[PDB]
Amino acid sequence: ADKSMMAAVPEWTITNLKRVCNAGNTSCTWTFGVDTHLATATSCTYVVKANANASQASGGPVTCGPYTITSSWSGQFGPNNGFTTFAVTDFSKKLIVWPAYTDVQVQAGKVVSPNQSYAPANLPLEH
């Protein structure tokens, strides 16, 4: 038997996503909004620090409004295809999305356009 874990709600849009890292790459500040389209959007500032290579570091958990956010960077496909995945969880709703951005997309410190939308999945936590 098969069960779809995808929620029957609109995709969540990650708005105006950008990554700004300091000169030494020991701190990267990600800013974005989370717009579920069914409620007021949430604005987030998400800072990842490291002794070296903050852009490769795993971040969080960070709270932003109803969300708990982490991130993980992967160079599994080589540096040219490095990418960061966020895990954005609304614990109250038991919903999770995983926005994922290549370094190519965010390296210039400009906002990613278009905004990217993701379908939430159910996470069967026990409250």
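Residue indices: 1-based, along the sequence shown.
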Inset, instruction - Select between 74-82 and 22-30 the stretch whose C-alpha atoms have the higher average B-factor in the entry. - result: 22-30
Inset, instruction - Name the residue from 36, 102, 89, 51 with the greatest C-alpha temperature factor listed in the entry. - result: 51
Legend entry - Ranked C-alpha temperature factor of residue 16 among modelled chain residues, by third: middle
Legend entry - Chain-relative CA temperature factor third for residue 7: middle
Legend entry - Third of the chain's Cα B-factor distribution that residue 65 belongs to, per the entry: highest
Legend entry - B-factor third for the C-alpha atom of residue 113 within its chain: middle
Legend entry - Chain thirds of CA B-factor: placement of residue 1: highest
